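A.B. asks: This one's experimental. Sequence and coordinates below.
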Amino acid sequence: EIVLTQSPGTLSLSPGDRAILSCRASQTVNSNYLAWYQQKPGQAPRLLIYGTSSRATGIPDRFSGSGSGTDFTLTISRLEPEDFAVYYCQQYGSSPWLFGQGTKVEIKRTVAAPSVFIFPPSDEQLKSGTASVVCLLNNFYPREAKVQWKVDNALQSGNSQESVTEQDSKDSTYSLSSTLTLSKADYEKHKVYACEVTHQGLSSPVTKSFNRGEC
Amino acid sequence: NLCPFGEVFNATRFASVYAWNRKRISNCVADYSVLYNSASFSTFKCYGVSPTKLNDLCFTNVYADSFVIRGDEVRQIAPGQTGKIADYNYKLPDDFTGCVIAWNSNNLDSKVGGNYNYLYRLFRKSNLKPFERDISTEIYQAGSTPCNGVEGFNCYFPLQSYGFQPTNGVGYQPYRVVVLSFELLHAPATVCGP
Amino acid sequence: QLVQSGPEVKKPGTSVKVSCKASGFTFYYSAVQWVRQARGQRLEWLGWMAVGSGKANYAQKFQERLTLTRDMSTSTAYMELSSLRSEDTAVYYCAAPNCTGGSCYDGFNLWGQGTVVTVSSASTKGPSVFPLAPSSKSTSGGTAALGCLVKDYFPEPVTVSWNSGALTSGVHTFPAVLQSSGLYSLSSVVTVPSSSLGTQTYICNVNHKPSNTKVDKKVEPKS
Ligand SMILES: *[C@@H]1O[C@H](CO)[C@@H](O[C@@H]2O[C@H](CO)[C@@H](O)[C@H](O)[C@H]2NC(C)=O)[C@H](O)[C@H]1NC(C)=O
């Protein structure tokens, strides 16, 4: 079959700089059956380039495709605020029309340190038999960031479901939420709770800890 | 000496709609009322000539065309009709004179598992003029790119086959159609009945 | 233009059918392909079908479960999938080129709006709202954060609002996640100054349409 692999995964470029992509195949692909699609979060994909060289109807001239054989490229002359999305490359000459893994384009800005909060569970949550402790990460630019939940200087696992918001518009910073959905049984037989964070924008990891004695 | 209508109307096999067969008839004495009073045909429409008064009229030579089409499809065999069959397979002229006959052929054309010996054209670059055939099977070119002999996206085979099943509805039931067209030209004008 | 049917929720082991109605162009010369995408994942190709003759092609993974059909009378294309599993939860798209006459466009420029299909066994249930009251430990440098917690609701669409929609400055809602019990849960937070606590009536407005339950849970600082 035919496998497509877009080599550059994610690219963060400020508006103005030209951007490039690289959709490379394994076997020779017909030059008349290749296309590029643009998708925004929550909308159906939109066709951009068809036939490896010609653009679609109404597509602004900044987009332009080139290349043939096992190499194919997409070039944006100067980025615009509404051109930040995910781009897929697909070929339909053979029988299986496999897509590509996609490439995400995001705004690049300055590195901002995150904010750390801790939320003790509600008393009314105690009645249901489950404990809910939340550690909140706010306003940090680099996507990579990890949190380890610590109970009595022990790293608990299996209850750290993760949730990330989309890039913001005015400042383009991310917000992170981690919830420690913990059973009631473990709640009383331990004392010290903590969530430790490590971020590229922080010189050293910041440890935020909570105790049930001051509840 | 009588015209051989029986061999046409009782043939063992019938041609496909895209390759309908033609057989001219001349120098013989014909009889149409015996055909008319069969009480077995389904439709008998004669545009321009009264079927009861065919015996009292004389022409120069007649043509007989036959094929097989779907039951719901019989309505397109008429002057001034519009449809895929009229466009791509068999078109009648506006001033057509003659008769069209069709009757059900379930017990002879339908079998268990389906008969795939009848085909009909799907696409054509241009509409058909009256009374011509197209036996070409070259790959169609829907898009603006040459097919180069390979079937795929925007390159479709022009022909597919009917699927006839005994359990199919009367709408999908096969029908055998025979079309007679009478010609008139300066000639001895031989063919006409007693 | 391509218009699809609405979202549907099924039980494991059953089968589903999705229709993709077309209008505004010569549907006879077109061709449709089906693409599905999970939540935050890559696009996956299923197959394609030529509407002119009904011929279809399928990928190896979904060869024995996917069936594509057509209806010339209503210009409607049908797709069905049997023996659904939990991982089949995704959104499905239908795409076809714009055909005007004999000639037609060389790409799948026309796309549908998509249909959401969920495969699960847990029955529908209303949500429960739990307040995230701010505390002294939570407050940091004058900045304070508070919000509400929503749990154990099966249907996807839920909404969060503040001050009956008046409070939206720096509001954060997070994408819903799936627990081990099969019931969804999300969180919503907002930032306010430490001088704001104890002065304004803070409450989160939420709703769950399939349960037809509307809750406005007032939150107060922890004592
Ligand atoms: C086709 O063949 C059938 C049967 O061989 C013909 O029907 C016969 O017609 C004669 C004269 O009308 C009758 O005496 C017979 O009883 C009929 N037989 C049956 C079984 O109906 C039919 O006439 C032939 N077709 C044509 C156009 O002559």
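C.D. replies: Noted; the coordinates are in hand. Numbering: from 1, shown residues only, chains lettered A, B, ... in the order given.
A.B. asks: Find the nearest non-adjacent residue to residue B:187, please.
C.D. replies: residue B:60 (4.3 Å; CB to CB, 6 or more residues apart in numbering or on different chains). In short, each C-beta sits where N, CA and C put it, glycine included.
A.B. asks: How many neighbouring residues does that neighbour have?
C.D. replies: Counted with other CB atoms under 10 Å in any protein chain shown, the neighbours of residue B:60 add up to 16.
A.B. asks: And it, how far from chain A?
C.D. replies: Residue B:60 is 55 Å from chain A, where distance means CB to the nearest CB, to the nearest Å.
A.B. asks: same deal with residue C:222?
C.D. replies: With CB to the nearest CB as the criterion, residue C:222 and chain A are 7 Å apart.
A.B. asks: quick one on the thing from earlier: wait, the residue nearest to residue B:187 touches residue B:192, no?
C.D. replies: No: counting by CB atoms under 8 Å, residue B:192 is not a contact partner of residue B:60; they are 9.3 Å apart.
A.B. asks: Nearest to chain C: which residue in chain A?
C.D. replies: Checking chain A residue by residue against chain C with CB to the nearest CB singles out residue A:50 as nearest, at 3.6 Å.
A.B. asks: contacting residues for that residue?
C.D. replies: By CB atoms under 8 Å, 6 or more residues apart in numbering or on different chains, residue A:50 lies in contact with A:34-35, A:56, C:106-107.
A.B. asks: Mind checking which of those land in strands?
C.D. replies: With DSSP state E as the criterion, strands contain A:34-35 from among these.
A.B. asks: and the contacts of residue A:50 near the ligand, which?
C.D. replies: Of the entries in those, not a single one is placed beside the ligand under the rule of CB under 6 Å from any ligand atom.
A.B. asks: Going by neighbour count, which of the contacts of residue A:50 are buried?
C.D. replies: For the contacts of residue A:50, a neighbour count by 16 or more other CB atoms under 10 Å in any protein chain shown gives the buried set as A:34-35, A:56, C:106-107.
A.B. asks: With the flanking residues excluded, which residue is spatially nearest to residue 139?
C.D. replies: Picking chain A for this. For residue A:139, the nearest residue in space outside its immediate sequence neighbours is residue A:173; the separation is 4.9 Å by CB to CB, 6+ apart.
A.B. asks: my bad, the chain I had in mind was chain C
C.D. replies: Closest residue in space to residue C:139, ignoring its immediate chain neighbours: residue C:194 at 5.4 Å, by CB to CB, 6+ apart.
A.B. asks: is it true that that neighbour touches residue C:142?
C.D. replies: Yes: with contact defined as CB under 8 Å, residue C:194 reaches residue C:142; the gap is 5.0 Å.
A.B. asks: So for the two, which sits in the more crowded spot?
C.D. replies: Neighbours per residue (other CB under 10 Å) separate residue C:194 from residue C:142, with residue C:194 holding more: 14 against 8.
A.B. asks: List the contacts of the spatially closest residue to residue C:108 that is not a sequence neighbour.
C.D. replies: Computed as CB to CB, 6+ apart, the closest residue to residue C:108 that is not its neighbour in sequence is residue C:95, at 4.1 Å. For residue C:95, the contacting residues are C:2, C:32-33, C:35, C:108, C:110-112, taking CB under 8 Å, 6+ apart as the criterion.
A.B. asks: Centre-most residue in chain A?
C.D. replies: Residue closest to the mean C-alpha point of chain A, counted by CA atoms, centre = their mean, is residue A:143 at 6.9 Å.
A.B. asks: Name the SS class of that residue, please.
C.D. replies: When the structure is split into helix, strand and coil by DSSP: H, G, I helix; E, B strand; the rest coil, residue A:143 lands in coil.
A.B. asks: Please parse the chain into its domains.
C.D. replies: You didn't say which chain, so I picked chain A. Residue ranges for the domains of chain A, per automatic domain parsing: A:4-106, A:115-214.
A.B. asks: if you could check chain C rather than the one you did, that'd help
C.D. replies: With automatic domain parsing as the reference, chain C has domains C:2-119, C:128-218.
A.B. asks: Relative to residue B:1, which of these is closest?
C.D. replies: Checking the domains of chain C against residue B:1 by CB to CB gives domain C:2-119 as the closest, at 48.4 Å.
A.B. asks: Would you mind measuring the gap between the ends of the closest one?
C.D. replies: The first and final residues of domain C:2-119 sit 25 Å from each other (CA to CA, to the nearest Å).
A.B. asks: likewise stretch C:120-130?
C.D. replies: Between the start and the finish of stretch C:120-130 there is a gap of 25 Å, counting by CA to CA.
A.B. asks: so what's the most centrally placed residue in chain C up against?
C.D. replies: Nearest to the mean C-alpha position of chain C, by CA atoms, centre = their mean, lies residue C:116 at 5.7 Å. With contact set as CB under 8 Å, 6+ apart, residue C:116 has these partners: C:7, C:91, C:156.
A.B. asks: what's in contact with stretch C:32-39?
C.D. replies: For stretch C:32-39, contacts defined as CB under 8 Å, 6+ apart pick out A:97, A:99, C:20, C:43-49, C:51, C:66, C:68, C:77, C:79, C:87, C:89-96, C:108.
A.B. asks: again, only this time at 7 Å
C.D. replies: C:20, C:43-49, C:51, C:77, C:79, C:90-96, C:108 (CB atoms under 7 Å, 6 or more residues apart in numbering or on different chains).
A.B. asks: same deal with stretch C:100-114?
C.D. replies: The set of residues that contact stretch C:100-114 without belonging to it, under CB under 7 Å, 6+ apart, is A:35, A:44-45, A:47, A:50-51, A:56-57, B:125, B:142-145, B:154, C:2-4, C:20, C:25-26, C:29-30, C:33, C:91-98.
A.B. asks: go again using 6 Å as the cut-off
C.D. replies: A:35, A:44, A:47, A:50, A:56, B:142-143, C:2, C:4, C:20, C:29, C:91, C:93-98 (CB atoms under 6 Å, 6 or more residues apart in numbering or on different chains).
A.B. asks: For chain A, see how far away residue B:99 is.
C.D. replies: Taking CB to the nearest CB as the measure, residue B:99 and chain A are separated by 50 Å.
A.B. asks: Leaving out chain neighbours, which residue sits closest to that residue?
C.D. replies: The shortest distance from residue B:99 to any non-neighbouring residue, by CB to CB, 6+ apart, is to residue B:46 (4.1 Å).
A.B. asks: ok, now residue A:26?
C.D. replies: Nearest non-adjacent residue to residue A:26, counting by CB to CB, 6+ apart: residue A:3, 4.9 Å away.
A.B. asks: Count the neighbours of that neighbour for me.
C.D. replies: Residues lying near residue A:3 (other CB under 10 Å) number 11.
A.B. asks: what does chain C have sitting close to chain A?
C.D. replies: C:42-43, C:45, C:59, C:93, C:106-107, C:109, C:111, C:114, C:130, C:132, C:137-138, C:145, C:172, C:174-175, C:177, C:187 (CB under 6 Å from any CB of the partner chain).
A.B. asks: And those residues, which of them are buried?
C.D. replies: C:43, C:45, C:59, C:93, C:106-107, C:109, C:111, C:114, C:130, C:132, C:137-138, C:145, C:172, C:174, C:187.
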